[PDB]
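Enquirer: kindly return the folded structure for what I paste below:
(7 chains, ligands or ions: 22)
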Amino acid sequence: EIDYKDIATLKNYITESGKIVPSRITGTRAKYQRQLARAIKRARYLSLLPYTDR
Amino acid sequence: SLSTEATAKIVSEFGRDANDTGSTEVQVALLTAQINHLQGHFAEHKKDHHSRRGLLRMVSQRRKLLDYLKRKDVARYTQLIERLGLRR
Amino acid sequence: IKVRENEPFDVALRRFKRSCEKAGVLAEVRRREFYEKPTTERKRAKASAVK
Amino acid sequence: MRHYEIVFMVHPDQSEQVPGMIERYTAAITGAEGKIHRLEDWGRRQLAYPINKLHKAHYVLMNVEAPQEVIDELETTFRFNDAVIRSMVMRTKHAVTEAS
Amino acid sequence: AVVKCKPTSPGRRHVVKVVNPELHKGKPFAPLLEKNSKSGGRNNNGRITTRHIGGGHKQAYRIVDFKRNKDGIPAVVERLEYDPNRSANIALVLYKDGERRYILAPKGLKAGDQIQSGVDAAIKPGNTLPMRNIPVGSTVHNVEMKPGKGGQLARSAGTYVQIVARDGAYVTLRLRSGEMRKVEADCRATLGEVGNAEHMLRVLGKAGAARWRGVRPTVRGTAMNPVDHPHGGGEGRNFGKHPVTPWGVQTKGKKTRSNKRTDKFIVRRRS
RNA sequence: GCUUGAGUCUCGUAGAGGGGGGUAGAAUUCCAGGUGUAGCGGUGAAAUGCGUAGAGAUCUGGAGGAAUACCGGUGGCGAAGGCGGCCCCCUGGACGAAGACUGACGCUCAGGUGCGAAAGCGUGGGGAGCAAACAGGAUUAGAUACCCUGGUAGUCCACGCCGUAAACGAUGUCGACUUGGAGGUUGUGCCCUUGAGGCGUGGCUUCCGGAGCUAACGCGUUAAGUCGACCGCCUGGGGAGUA
RNA sequence: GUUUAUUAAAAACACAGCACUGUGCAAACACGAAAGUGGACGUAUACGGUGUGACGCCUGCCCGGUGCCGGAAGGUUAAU
Ligand SMILES: [Mg+2]
Ligand SMILES: [Mg+2]
Ligand SMILES: [Mg+2]
Ligand SMILES: [Mg+2]
Ligand SMILES: [Mg+2]
Ligand SMILES: [Mg+2]
Ligand SMILES: [Mg+2]
Ligand SMILES: [Mg+2]
Ligand SMILES: [Mg+2]
Ligand SMILES: [Mg+2]
Ligand SMILES: [Mg+2]
Ligand SMILES: [Mg+2]
Ligand SMILES: [Mg+2]
Ligand SMILES: [Mg+2]
Ligand SMILES: [Mg+2]
Ligand SMILES: [Mg+2]
Ligand SMILES: [Mg+2]
Ligand SMILES: [Mg+2]
Ligand SMILES: [Mg+2]
Ligand SMILES: [Mg+2]
Ligand SMILES: [Mg+2]
Ligand SMILES: [Mg+2]
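Expert: Numbering: from 1, shown residues only, chains lettered A, B, ... in the order given. Ligands and ions are numbered 1, 2, ... in the order given. Coordinates below:
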């Protein structure tokens, strides 16, 4: 569901600078936000998403 | 915690019949098994006070029940403390 | 961070940098000594926001 | 039983040596009681950031089910192999397929 | 294990002993012993050189293997025993072909574990292989200055050397002194750090403890007469001069490295 | 004797709960090299300080220490202190569904035992930034201060000691009863189930407020309201938490 | 514990401990015109020199002088 390989959708919760979008803006739930951020960090470590566009 | 298989084994060993989980004897057996299992975990590390707190919780309960039993059936009590090897 | 403006840019007017946070992160980070401060910077204005 | 999900990367140059790694690791996993539910490789693909100025590392994903001992020796195999770069081990995941 | 002696009598109050219950009580392996022939600090002319040496215990000698040239023949450690010729303990190793030798003892050697030497070998501590096939950033026991010569560096208790760079035909090493040195990549070195790291924690205590280790008293120069030391002289504890060695060379400074042949490999000096 | 207090068993859930090990990105500092040249830096304004023995700025390579930028919240966990990168091993507690089992096994607790921020002490390591003491430059009538330039202990690690904080919700623990409204977080049941929906039932948590209480401020189902069990503490200010 | 054999046994020397400093191994250093030897069949948890002298609490300010360490600027400067 929230696996770290699902790049083709996990782009929407990342800004142009690699920033994570808060739930206040996204509209997502709290538990889902937590697991989504954790999966984003995991994919970022495994080199699927960039830490920064720099 | 303890494994389901070990818990069922101890329950069937110490309780009278099936589903006899509330008996003081099975309570004592489960607490003793957990304490013995955690002995090695606390031999290693020995810096985990948060878990040692739960260990002390277990120890206090066993003692409280062992007393209830000794106040009911000294017989049962003695046999139990002999089986599990305690109450020095 | 980067500007990719269309071929007509006039005198190179910065329209996308201005819409972006510009100095959002810059101003957020240029401050110092974030140890004893945050415990007391907390909402309570949100509370005053009421009819 | 506690299943594991192994993901690892390889040097882009050693593209032809990945199948040997996969077929050798699958033997070690399945030796005692292992059983792979999801084996796949993405192969070459551009990286997000340059790991020591490298690109197009091979991504290999596996869903194994084996005890801590075999998986520990398998994990240190990565730490000591120079052809691999990164590694990750994740929980059960309930054996989902594809998800690419 | 470090143990503090109780203050029964003057001489035991400040004695700190190191206890190693996993050493061998019996006698050493006789076929690997030799004569030691204490010298007392005298050279072939009979003149005292390197003062403050004399006396001690009989101190037989053990033949320790430093070359470590046994390729493809695994060995198992039988036991650890005390060696009086060095600060580190030694391990007796038996090979599968029926030969016994002495080696230095890494930290986690214990007993009854396989040891592989030379050529390809596991990266586990204890094995020996050339640095051409050792990962960068790993601790090793005793490094050979030249290939096939024998480990010389970091051979003392609890000492180790870590590799910093391998690019080229040489390898950069950070020695315990805190200096960078280049060594040929073909030189061998065993993995880990030699054990007995509790060595400093001893305190000896009484003067006899140092006496029966072969160390004689040291007399301060200021306590002498001007005829036998640049210091000394004057009535009432006067010094009034720059410290020097008994032969007139300045101490507390005045670097004395005068080798122009080995400066090639000294990447950075001690700090 | 009994099962409603207390407890055990089965299936699940959330969480920076705790201990050990590993690894990743950004940035500061430092070292080597390349281009380059008169300033850099700092203040209210300056100076000290660094630089023509080539600084600052900029690019390449390398070393090492420390903390994990948003996510992040009228969020969560923990008895308290307190706990935020990611991954693995060991491990404690809490909550929900019914079902079964024991049968008062309970509450509180002087003495006693354990845990306990920061600073501090002992031994051995490590030491990039920050920074008591200390040095210099400023301001001032004076400035051993606020400001500026450096900078040691310390801050970090392992094992021991210290046992103190506005250690605060300035509110001891346990149990029962007493109108509501608006939120957050985490479970669960029924249904035209069309939906990011209707109707219920638990745990924790934020705000506003009724009766009541209170010297007042205010508290108000998480009481400072009505009661019960036990413990701790107070008797004008200073002297003094001192001899 | 040691000391002025034969007028001085001590508060003098040594001492365990502490600190600074040199030393990467053909180590520093010492004896030796040299070969060579000790250091050491040791390898920075090692060795040499210097000061202080168990242990407890501590060890403040000054780099102007002398010494030592570092410094592709500049001035002066031998042999050739
Ligand atoms: Mg001495
Ligand atoms: Mg005299
Ligand atoms: Mg003289
Ligand atoms: Mg005098
Ligand atoms: Mg004088
Ligand atoms: Mg339980
Ligand atoms: Mg008390
Ligand atoms: Mg502290
Ligand atoms: Mg300390
Ligand atoms: Mg320290
Ligand atoms: Mg300052
Ligand atoms: Mg108090
Ligand atoms: Mg607090
Ligand atoms: Mg508070
Ligand atoms: Mg109070
Ligand atoms: Mg109110
Ligand atoms: Mg007092
Ligand atoms: Mg005497
Ligand atoms: Mg005499
Ligand atoms: Mg010689
Ligand atoms: Mg003296
Ligand atoms: Mg004195």
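
Enquirer: what about the nearest residue to residue E:179 once chain neighbours are set aside, neighbour count?
Expert: Nearest residue to residue E:179, sequence neighbours excluded (CB to CB, 6 or more residues apart in numbering or on different chains): residue E:270, at 4.8 Å. In short, each C-beta sits where N, CA and C put it, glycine included. Residue E:270 has 11 neighbouring residues, counting by other CB atoms under 10 Å in any protein chain shown.

Enquirer: gap between residue E:270 and residue E:71?
Expert: 36 Å (CB to CB, to the nearest Å).

Enquirer: I'd like the next helix or strand past the lengthiest helix in chain B.
Expert: Assignment by DSSP state H gives helix B:49-72 as the longest helix of chain B. Going down the chain from helix B:49-72, the next helix or strand is helix B:74-83, by DSSP states H and E.

Enquirer: and that following helix, what's buried?
Expert: B:77, B:80, B:81 (16 or more other CB atoms under 10 Å in any protein chain shown).

Enquirer: can I get these in CSV including distance to chain C?
Expert: CSV is the format used below for the buried residues of helix B:74-83 (distance: CB to the nearest CB, whole Å):
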residue, distance to chain C
B:77, 54
B:80, 53
B:81, 53
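
Enquirer: which of those residues sits closest to chain D?
Expert: When these are compared for distance to chain D (CB to the nearest CB), residue B:80 wins out at 34.9 Å.

Enquirer: what's the closest non-adjacent residue to the closest one?
Expert: residue B:25 (5.4 Å).

Enquirer: so that neighbour, which of the three states?
Expert: helix (DSSP: H, G, I helix; E, B strand; the rest coil).

Enquirer: do the same with residue B:38
Expert: From three-state DSSP, the assignment for residue B:38 is helix.

Enquirer: which residues does it contact?
Expert: B:51, B:55 (CB atoms under 8 Å, 6 or more residues apart in numbering or on different chains).

Enquirer: what of the one 10 residues further on?
Expert: Under the criterion of CB under 8 Å, 6+ apart, the contact partners of residue B:48 comprise B:41, B:42.

Enquirer: now with 10 Å?
Expert: B:38, B:41, B:42, B:54, B:55 (CB atoms under 10 Å, 6 or more residues apart in numbering or on different chains).

Enquirer: residue B:79 now?
Expert: Residues in contact with residue B:79 (CB under 10 Å, 6+ apart) are B:25, B:73.

Enquirer: so how far is residue B:28 from it?
Expert: 11 Å.

Enquirer: how about residue E:86?
Expert: On the measure of CB to CB, residue E:86 and residue B:28 end up 57 Å apart.

Enquirer: who has more neighbours, those two?
Expert: Neighbours were counted for residue E:86 and for residue B:28 using other CB under 10 Å; residue B:28 has more, 24 against 15.

Enquirer: quick check, the more buried one in a helix?
Expert: Yes: counting by three-state DSSP, residue B:28 falls inside a helix.

Enquirer: hmm, it is touching residue B:70, no?
Expert: No: using CB atoms under 10 Å, residue B:28 is not in contact with residue B:70, being 11.4 Å away.

Enquirer: what touches both of the two?
Expert: Common neighbours of residue B:28 and residue B:70 (CB under 10 Å, 6+ apart) are B:77, B:80, B:81.

Enquirer: which ones are touching residue 52?
Expert: In the absence of a named chain, chain A is used. Residue A:52 neighbours (CB under 10 Å, 6+ apart): A:17, A:18, A:19, C:1, D:49.

Enquirer: that's the wrong chain, I meant chain E
Expert: The neighbours of residue E:52, taking CB under 10 Å, 6+ apart as the test, are E:41, E:214, E:215, E:216, E:217, E:218, E:219.

Enquirer: would you list the contacts of residue B:48 in CSV and tack on distance to residue D:42?
Expert: Supplementary listing: these in CSV, determined by distance: CB to CB, whole Å:
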residue, distance to residue D:42
B:38, 44
B:41, 41
B:42, 45
B:54, 45
B:55, 47
